[PDB]
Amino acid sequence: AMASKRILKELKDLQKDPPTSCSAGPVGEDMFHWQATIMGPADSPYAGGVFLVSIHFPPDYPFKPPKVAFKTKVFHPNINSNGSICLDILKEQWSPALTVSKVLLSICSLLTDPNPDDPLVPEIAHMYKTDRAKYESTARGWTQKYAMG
C-alpha cells in the first residue's frame, strides 16, 4: 500500500532521468515486477553484451531491499548460475532511501570491478585472482554466447 505508491513514484522518476547504461520498466501491468536491461560496461570484458535483470519488490519495500536477479548468463565472481548477485546494497547496506536506479548503477560498477574477496562463485573468484587473462577471455566468450545474440 505504502509500498505501492513508492514503487509507482520510483518508476516515474526513473523514466524521467534514466540510469546511465540501463533501462527498466514494469513487466506488463504488474508494477510490482520490473525488467531492467543493462549494457556491458566498456572497460569490461562485458562490452557489447545485453544483460537482462529481474526485479521483484518485497512487501515492506522500501524498508526491505528489492529482489534483483540476472536472467542472462555471466561469467562473474559475484553472480552465480541462478542469477543471484552479491552486492552489499542488496543485503546489508540497503537503505529505505536507495532506489532501483542506484542498484543498477552499483551492478554496472561490479561488472567493471568485480569483488573477488566476497565470492559467490569461488572458482571464478580464484581465476580472477590467479589467472586474470583467462578470466577476461572466458568472460568475452560467455558474453558473446548469451548476451550479444
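Residues carry their position along the shown sequence, with the first being 1.
Comparing the deposited coordinates for 54-62 and 103-111, the stretch with the larger average C-alpha B-factor is 54-62. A139 sits in the middle third of its chain by CA B factor, as recorded in the PDB entry. The entry lists a Cα temperature factor for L14 that places it in the highest third of the chain's modelled residues. Compared with the other modelled residues of the chain, the Cα B-factor recorded for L90 ranks in the middle third. Placement of the Cα temperature factor of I124 within the chain: middle third of the modelled residues, per the deposited record. Among the modelled residues of its chain, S81 has a C-alpha B-factor that falls in the highest third according to the deposited record.
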